[PDB]
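Below is the file run-v9.cif, which contains mmCIF, C-alpha atoms and all ligand atoms.
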```cif
data_my_file
#
loop_
_atom_site.group_PDB
_atom_site.id
_atom_site.type_symbol
_atom_site.label_atom_id
_atom_site.label_comp_id
_atom_site.auth_asym_id
_atom_site.auth_seq_id
_atom_site.Cartn_x
_atom_site.Cartn_y
_atom_site.Cartn_z
ATOM 1 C CA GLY E 1 -31.511 -31.942 -42.855
ATOM 2 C CA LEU E 2 -28.789 -29.718 -42.103
ATOM 3 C CA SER E 3 -28.317 -28.133 -38.823
ATOM 4 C CA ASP E 4 -29.056 -24.375 -38.349
ATOM 5 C CA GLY E 5 -25.207 -24.014 -38.420
ATOM 6 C CA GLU E 6 -24.927 -25.839 -41.794
ATOM 7 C CA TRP E 7 -27.700 -23.682 -43.400
ATOM 8 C CA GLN E 8 -25.820 -20.663 -42.210
ATOM 9 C CA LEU E 9 -22.490 -21.724 -43.927
ATOM 10 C CA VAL E 10 -24.603 -22.517 -47.144
ATOM 11 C CA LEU E 11 -26.286 -18.923 -47.086
ATOM 12 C CA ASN E 12 -23.030 -17.306 -46.458
ATOM 13 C CA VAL E 13 -21.202 -18.987 -49.420
ATOM 14 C CA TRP E 14 -24.366 -18.248 -51.551
ATOM 15 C CA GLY E 15 -23.760 -14.411 -50.766
ATOM 16 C CA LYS E 16 -20.598 -14.760 -53.061
ATOM 17 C CA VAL E 17 -22.660 -16.155 -55.902
ATOM 18 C CA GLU E 18 -25.210 -13.420 -55.520
ATOM 19 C CA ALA E 19 -22.478 -10.734 -55.984
ATOM 20 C CA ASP E 20 -22.121 -12.212 -59.669
ATOM 21 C CA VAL E 21 -24.906 -14.579 -60.547
ATOM 22 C CA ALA E 22 -24.527 -14.764 -64.462
ATOM 23 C CA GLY E 23 -20.764 -15.098 -64.260
ATOM 24 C CA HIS E 24 -21.000 -18.042 -61.816
ATOM 25 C CA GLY E 25 -23.984 -19.451 -63.904
ATOM 26 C CA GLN E 26 -22.006 -19.361 -67.147
ATOM 27 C CA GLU E 27 -19.055 -21.322 -65.592
ATOM 28 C CA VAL E 28 -21.392 -23.932 -64.013
ATOM 29 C CA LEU E 29 -22.801 -24.678 -67.455
ATOM 30 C CA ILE E 30 -19.435 -24.820 -69.213
ATOM 31 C CA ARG E 31 -18.127 -27.202 -66.456
ATOM 32 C CA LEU E 32 -21.151 -29.442 -66.915
ATOM 33 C CA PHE E 33 -20.863 -29.492 -70.820
ATOM 34 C CA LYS E 34 -17.138 -30.046 -70.794
ATOM 35 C CA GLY E 35 -17.393 -32.597 -68.053
ATOM 36 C CA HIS E 36 -20.497 -34.657 -69.305
ATOM 37 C CA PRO E 37 -20.940 -33.830 -72.992
ATOM 38 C CA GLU E 38 -24.076 -35.816 -73.239
ATOM 39 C CA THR E 39 -25.973 -33.325 -71.063
ATOM 40 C CA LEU E 40 -25.451 -30.816 -73.909
ATOM 41 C CA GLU E 41 -27.657 -32.958 -76.133
ATOM 42 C CA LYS E 42 -30.636 -31.863 -74.085
ATOM 43 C CA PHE E 43 -30.350 -28.164 -75.047
ATOM 44 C CA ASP E 44 -31.600 -27.618 -78.664
ATOM 45 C CA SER E 45 -30.529 -24.069 -78.201
ATOM 46 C CA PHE E 46 -26.866 -24.999 -77.488
ATOM 47 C CA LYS E 47 -26.060 -28.139 -79.363
ATOM 48 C CA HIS E 48 -24.206 -26.028 -81.946
ATOM 49 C CA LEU E 49 -21.597 -24.925 -79.515
ATOM 50 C CA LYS E 50 -18.564 -26.766 -80.462
ATOM 51 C CA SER E 51 -15.862 -25.581 -78.033
ATOM 52 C CA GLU E 52 -15.229 -23.732 -74.839
ATOM 53 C CA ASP E 53 -14.489 -20.555 -76.771
ATOM 54 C CA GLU E 54 -17.781 -20.817 -78.446
ATOM 55 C CA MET E 55 -19.603 -21.515 -75.100
ATOM 56 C CA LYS E 56 -17.834 -18.536 -73.578
ATOM 57 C CA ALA E 57 -19.052 -16.176 -76.315
ATOM 58 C CA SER E 58 -22.789 -17.315 -76.122
ATOM 59 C CA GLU E 59 -24.869 -14.533 -74.618
ATOM 60 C CA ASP E 60 -27.663 -16.992 -74.380
ATOM 61 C CA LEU E 61 -25.689 -19.693 -72.518
ATOM 62 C CA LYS E 62 -24.895 -16.817 -70.003
ATOM 63 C CA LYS E 63 -28.622 -15.740 -69.602
ATOM 64 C CA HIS E 64 -29.602 -19.466 -69.067
ATOM 65 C CA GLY E 65 -26.732 -19.779 -66.454
ATOM 66 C CA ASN E 66 -28.298 -16.731 -64.640
ATOM 67 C CA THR E 67 -31.816 -18.338 -64.667
ATOM 68 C CA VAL E 68 -30.558 -21.670 -63.231
ATOM 69 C CA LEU E 69 -28.673 -20.078 -60.262
ATOM 70 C CA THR E 70 -31.441 -17.559 -59.666
ATOM 71 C CA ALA E 71 -33.913 -20.446 -59.359
ATOM 72 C CA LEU E 72 -31.478 -22.552 -57.214
ATOM 73 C CA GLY E 73 -30.809 -19.527 -54.802
ATOM 74 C CA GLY E 74 -34.628 -19.204 -54.241
ATOM 75 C CA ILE E 75 -34.788 -22.867 -53.143
ATOM 76 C CA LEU E 76 -31.682 -22.705 -50.926
ATOM 77 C CA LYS E 77 -33.015 -19.666 -49.129
ATOM 78 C CA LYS E 78 -36.080 -21.688 -47.903
ATOM 79 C CA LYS E 79 -33.716 -23.950 -46.054
ATOM 80 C CA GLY E 80 -35.429 -27.128 -46.608
ATOM 81 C CA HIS E 81 -38.985 -25.738 -46.747
ATOM 82 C CA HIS E 82 -39.014 -25.655 -50.608
ATOM 83 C CA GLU E 83 -41.934 -27.744 -51.734
ATOM 84 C CA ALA E 84 -43.570 -25.039 -53.656
ATOM 85 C CA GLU E 85 -40.514 -23.696 -55.314
ATOM 86 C CA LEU E 86 -39.563 -27.225 -56.166
ATOM 87 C CA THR E 87 -42.738 -28.729 -57.640
ATOM 88 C CA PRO E 88 -42.780 -26.703 -60.799
ATOM 89 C CA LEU E 89 -39.151 -27.546 -61.514
ATOM 90 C CA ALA E 90 -39.791 -31.283 -60.962
ATOM 91 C CA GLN E 91 -42.835 -30.979 -63.281
ATOM 92 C CA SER E 92 -40.944 -29.268 -66.240
ATOM 93 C CA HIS E 93 -37.783 -31.352 -65.910
ATOM 94 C CA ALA E 94 -39.512 -34.793 -65.721
ATOM 95 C CA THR E 95 -42.198 -34.158 -68.275
ATOM 96 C CA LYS E 96 -40.886 -31.679 -70.620
ATOM 97 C CA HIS E 97 -37.259 -31.573 -70.484
ATOM 98 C CA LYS E 98 -36.926 -35.204 -69.602
ATOM 99 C CA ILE E 99 -33.830 -34.795 -67.387
ATOM 100 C CA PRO E 100 -32.758 -37.987 -65.543
ATOM 101 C CA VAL E 101 -31.684 -37.718 -61.832
ATOM 102 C CA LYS E 102 -28.008 -38.524 -62.568
ATOM 103 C CA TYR E 103 -27.904 -35.377 -64.640
ATOM 104 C CA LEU E 104 -28.942 -33.479 -61.365
ATOM 105 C CA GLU E 105 -25.917 -35.062 -59.757
ATOM 106 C CA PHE E 106 -23.593 -33.946 -62.537
ATOM 107 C CA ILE E 107 -24.773 -30.274 -62.183
ATOM 108 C CA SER E 108 -24.308 -30.564 -58.351
ATOM 109 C CA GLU E 109 -20.642 -31.451 -58.964
ATOM 110 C CA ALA E 110 -20.152 -28.572 -61.481
ATOM 111 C CA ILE E 111 -21.559 -26.150 -58.839
ATOM 112 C CA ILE E 112 -19.138 -27.387 -56.260
ATOM 113 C CA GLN E 113 -16.224 -27.290 -58.689
ATOM 114 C CA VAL E 114 -17.052 -23.690 -59.554
ATOM 115 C CA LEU E 115 -17.249 -22.531 -55.896
ATOM 116 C CA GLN E 116 -13.977 -24.251 -55.132
ATOM 117 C CA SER E 117 -12.161 -22.737 -58.244
ATOM 118 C CA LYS E 118 -13.453 -19.219 -57.612
ATOM 119 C CA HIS E 119 -13.663 -19.017 -53.723
ATOM 120 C CA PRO E 120 -11.143 -21.416 -52.281
ATOM 121 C CA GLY E 121 -10.341 -19.082 -49.377
ATOM 122 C CA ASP E 122 -14.079 -19.080 -48.379
ATOM 123 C CA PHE E 123 -14.978 -22.546 -49.501
ATOM 124 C CA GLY E 124 -13.194 -24.617 -46.755
ATOM 125 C CA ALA E 125 -13.850 -28.208 -45.421
ATOM 126 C CA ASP E 126 -16.870 -26.998 -43.501
ATOM 127 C CA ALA E 127 -18.571 -24.948 -46.218
ATOM 128 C CA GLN E 128 -17.793 -27.783 -48.667
ATOM 129 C CA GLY E 129 -19.615 -30.325 -46.487
ATOM 130 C CA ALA E 130 -22.694 -28.146 -45.863
ATOM 131 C CA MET E 131 -22.983 -27.190 -49.545
ATOM 132 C CA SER E 132 -22.909 -30.835 -50.500
ATOM 133 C CA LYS E 133 -25.663 -31.964 -48.100
ATOM 134 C CA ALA E 134 -27.749 -28.975 -49.236
ATOM 135 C CA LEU E 135 -27.399 -30.153 -52.899
ATOM 136 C CA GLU E 136 -28.061 -33.843 -51.972
ATOM 137 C CA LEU E 137 -31.283 -32.711 -50.238
ATOM 138 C CA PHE E 138 -32.387 -30.818 -53.397
ATOM 139 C CA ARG E 139 -31.688 -33.927 -55.618
ATOM 140 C CA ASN E 140 -33.399 -36.356 -53.195
ATOM 141 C CA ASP E 141 -36.532 -34.157 -53.054
ATOM 142 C CA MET E 142 -36.544 -33.847 -56.861
ATOM 143 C CA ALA E 143 -36.171 -37.581 -57.280
ATOM 144 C CA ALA E 144 -39.124 -38.169 -54.899
ATOM 145 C CA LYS E 145 -41.301 -35.715 -56.931
ATOM 146 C CA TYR E 146 -40.263 -37.624 -60.041
ATOM 147 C CA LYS E 147 -41.481 -40.960 -58.576
ATOM 148 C CA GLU E 148 -44.828 -39.613 -57.614
ATOM 149 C CA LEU E 149 -45.335 -37.916 -61.006
ATOM 150 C CA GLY E 150 -44.746 -41.558 -61.847
ATOM 151 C CA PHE E 151 -41.448 -41.226 -63.835
ATOM 152 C CA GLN E 152 -37.944 -41.991 -63.146
ATOM 153 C CA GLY E 153 -34.495 -42.269 -64.494
HETATM 154 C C1 LIG G 201 -29.551 -27.197 -60.262
HETATM 155 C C2 LIG G 201 -30.465 -27.796 -61.094
HETATM 156 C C3 LIG G 201 -31.387 -27.008 -62.116
HETATM 157 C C4 LIG G 201 -32.152 -25.919 -61.975
HETATM 158 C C5 LIG G 201 -32.469 -25.018 -60.729
HETATM 159 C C6 LIG G 201 -32.781 -25.658 -63.277
HETATM 160 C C7 LIG G 201 -33.624 -24.571 -63.530
HETATM 161 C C8 LIG G 201 -34.207 -24.377 -64.750
HETATM 162 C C9 LIG G 201 -35.111 -23.273 -64.956
HETATM 163 C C10 LIG G 201 -35.491 -22.280 -63.892
HETATM 164 C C11 LIG G 201 -35.485 -23.320 -66.259
HETATM 165 C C12 LIG G 201 -36.505 -22.342 -66.982
HETATM 166 C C13 LIG G 201 -37.954 -22.831 -66.667
HETATM 167 C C14 LIG G 201 -38.385 -24.251 -66.822
HETATM 168 O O1 LIG G 201 -38.459 -24.878 -67.959
HETATM 169 O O2 LIG G 201 -38.635 -24.961 -65.802
HETATM 170 C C15 LIG G 201 -34.829 -24.494 -66.877
HETATM 171 C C16 LIG G 201 -34.969 -24.953 -68.182
HETATM 172 C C17 LIG G 201 -34.350 -26.008 -68.772
HETATM 173 N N1 LIG G 201 -33.573 -26.935 -68.111
HETATM 174 FE FE1 LIG G 201 -32.950 -26.811 -66.166
HETATM 175 N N2 LIG G 201 -32.352 -26.625 -64.149
HETATM 176 C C18 LIG G 201 -31.486 -27.470 -63.499
HETATM 177 C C19 LIG G 201 -30.873 -28.619 -64.041
HETATM 178 C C20 LIG G 201 -30.934 -29.056 -65.353
HETATM 179 C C21 LIG G 201 -30.131 -30.082 -65.972
HETATM 180 C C22 LIG G 201 -29.147 -30.945 -65.211
HETATM 181 C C23 LIG G 201 -30.501 -30.118 -67.281
HETATM 182 C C24 LIG G 201 -29.996 -31.053 -68.421
HETATM 183 C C25 LIG G 201 -28.742 -31.536 -68.477
HETATM 184 C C26 LIG G 201 -31.524 -29.128 -67.546
HETATM 185 C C27 LIG G 201 -32.225 -28.870 -68.711
HETATM 186 C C28 LIG G 201 -33.111 -27.870 -69.004
HETATM 187 C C29 LIG G 201 -33.693 -27.522 -70.339
HETATM 188 C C30 LIG G 201 -33.333 -28.412 -71.559
HETATM 189 C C31 LIG G 201 -34.432 -26.452 -70.159
HETATM 190 C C32 LIG G 201 -35.205 -25.585 -71.175
HETATM 191 C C33 LIG G 201 -34.007 -24.623 -71.521
HETATM 192 C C34 LIG G 201 -34.440 -23.993 -72.822
HETATM 193 O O3 LIG G 201 -35.192 -23.011 -72.794
HETATM 194 O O4 LIG G 201 -34.080 -24.517 -73.932
HETATM 195 N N3 LIG G 201 -31.807 -28.424 -66.320
HETATM 196 N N4 LIG G 201 -34.027 -25.159 -65.938
#
```
Final structure tokens representation of the file:
Amino acid sequence: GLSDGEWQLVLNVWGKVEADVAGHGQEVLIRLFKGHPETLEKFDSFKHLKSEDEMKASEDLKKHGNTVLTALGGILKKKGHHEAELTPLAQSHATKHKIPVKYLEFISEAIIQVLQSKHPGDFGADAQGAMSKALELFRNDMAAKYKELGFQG
């Protein structure tokens, strides 16, 4: 875990995302698709997008962006007590979506890149380090759920 002080820095930076969830959501997915093109192959719905301008115009890529960050905000707010919010996500992603754990790592980096690009003034050394342990915790718990569902990539 994170210390009480580290969860506080995490919740505080999250207050910035919550002031514009779909806009931050939309940039996280463009960063991911631009950055690791191969993750795009998992979305039937989006494989047609051939460029950043097309991804930027997609009202559906923006609604999916919103859904991902709304679901991640619900986990973060539990501060580590997220079993229940997490199980269902580990079940769909392992079994239905078939998302390997390095892909969870690539989205973690897109989230940090977005926070840094849009809130540099608020996203200092300290907030950067808490945010990154908070996302490694999420990944590590998801990978553990994977293993007991008996899968794993
Ligand atoms: C921060 C990590 C993530 C969160 C919180 C998250 C959350 C969600 C949620 C809430 C849904 C809708 C319900 C469901 O099927 O469970 C969803 C669907 C989906 N997710 Fe994720 N996700 C994450 C990472 C990823 C990654 C890394 C990929 C693949 C590169 C991915 C692929 C998918 C697909 C293919 C679907 C179905 C989307 C569709 O309707 O076509 N997810 N995700």
Q.
Report as a VMD selection string all protein, DNA and RNA residues lying within 12 Å of range 116-121 of chain E, evaluated on only C-alpha atoms, omitting residues in the same chain fewer than 2 positions from it.
A. chain E and resid 12 to 17 20 23 to 24 27 to 28 31 109 to 114 123 to 129 131
Residues picked by the PyMOL selection byres (((chain E and resi 52-69) around 8) and not hetatm) here, as a PDB file with C-alpha atoms, in the coordinates of the input?
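Dumped to out_13.pdb:
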```pdb
ATOM      1  CA  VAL E  21     -24.906 -14.579 -60.547  1.00  0.00           C
ATOM      2  CA  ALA E  22     -24.527 -14.764 -64.462  1.00  0.00           C
ATOM      3  CA  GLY E  23     -20.764 -15.098 -64.260  1.00  0.00           C
ATOM      4  CA  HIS E  24     -21.000 -18.042 -61.816  1.00  0.00           C
ATOM      5  CA  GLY E  25     -23.984 -19.451 -63.904  1.00  0.00           C
ATOM      6  CA  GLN E  26     -22.006 -19.361 -67.147  1.00  0.00           C
ATOM      7  CA  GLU E  27     -19.055 -21.322 -65.592  1.00  0.00           C
ATOM      8  CA  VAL E  28     -21.392 -23.932 -64.013  1.00  0.00           C
ATOM      9  CA  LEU E  29     -22.801 -24.678 -67.455  1.00  0.00           C
ATOM     10  CA  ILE E  30     -19.435 -24.820 -69.213  1.00  0.00           C
ATOM     11  CA  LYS E  34     -17.138 -30.046 -70.794  1.00  0.00           C
ATOM     12  CA  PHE E  46     -26.866 -24.999 -77.488  1.00  0.00           C
ATOM     13  CA  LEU E  49     -21.597 -24.925 -79.515  1.00  0.00           C
ATOM     14  CA  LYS E  50     -18.564 -26.766 -80.462  1.00  0.00           C
ATOM     15  CA  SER E  51     -15.862 -25.581 -78.033  1.00  0.00           C
ATOM     16  CA  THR E  70     -31.441 -17.559 -59.666  1.00  0.00           C
ATOM     17  CA  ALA E  71     -33.913 -20.446 -59.359  1.00  0.00           C
ATOM     18  CA  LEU E  72     -31.478 -22.552 -57.214  1.00  0.00           C
ATOM     19  CA  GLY E  73     -30.809 -19.527 -54.802  1.00  0.00           C
TER      20      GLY E  73
END
```
Practice prompt. Counting all atoms listed in the file, name the residues that have an atom within 7 Å of an atom of ligand LIG 201 (chain G); the answer should be given as a PyMOL selection string.
Written response: chain E and resi 39-40+42-45+67-69+71-72+88-89+92-93+97+99+103-104+106-108
As an exercise, work out the distance from CA of residue 80 in chain E to CA of residue 4 in chain E in Å and give it to one decimal place.
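Between CA of residue 80 in chain E and CA of residue 4 in chain E the gap is 10.8 Å.
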With the file shown as input, list the residues that the PyMOL selection byres (((chain E and resi 1) around 10) and not hetatm) selects, as JSON, numbers by chain. {"E": [2, 3, 4, 6, 7, 79, 80, 133, 134, 136, 137]}
Check your understanding: CA of residue 153 in chain E and CA of residue 96 in chain E, how far apart in Å?
Key ->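 CA of residue 153 in chain E lies at a distance of 13.8 Å from CA of residue 96 in chain E.
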Identify, on the basis of only C-alpha atoms, every residue whose closest approach to residue 143 in chain E does not exceed 8 Å; exclude the query and any residue fewer than 4 positions from it along the same chain; express the result as a JSON list (two decimals) with C-alpha atoms, in the frame of the given file.
```json
[["chain", "number", "residue", "atom", "x", "y", "z"],
["E", 101, "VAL", "CA", -31.68, -37.72, -61.83],
["E", 139, "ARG", "CA", -31.69, -33.93, -55.62],
["E", 147, "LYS", "CA", -41.48, -40.96, -58.58],
["E", 152, "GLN", "CA", -37.94, -41.99, -63.15]]
```
Between CA of residue 38 in chain E and CA of residue 132 in chain E lies a distance of 23.3 Å
Query raised in the report: If you apply the PyMOL selection byres (((chain E and resi 86) around 9) and not hetatm) to this file, what residues do you get, as a list in words?
Result: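 Evaluating the PyMOL selection byres (((chain E and resi 86) around 9) and not hetatm) on this file yields residues 75, 82, 83, 84, 85, 87, 88, 89, 90, 91, 138, 141, 142 and 145 of chain E.
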Taking all listed atoms of range 125-135 of chain E, build the axis-aligned box, pad each of the six sides by 4 Å, then write its centre and edge lengths in Å to one decimal as JSON.
```
{"center_x": -20.8, "center_y": -28.5, "center_z": -48.2, "size_x": 21.9, "size_y": 15.0, "size_z": 17.4}
```
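Among E:81, E:140, E:76, E:146, the residue with the shortest atom-to-atom distance to residue 95 in chain E, counting all atoms listed in the file, is E:146.
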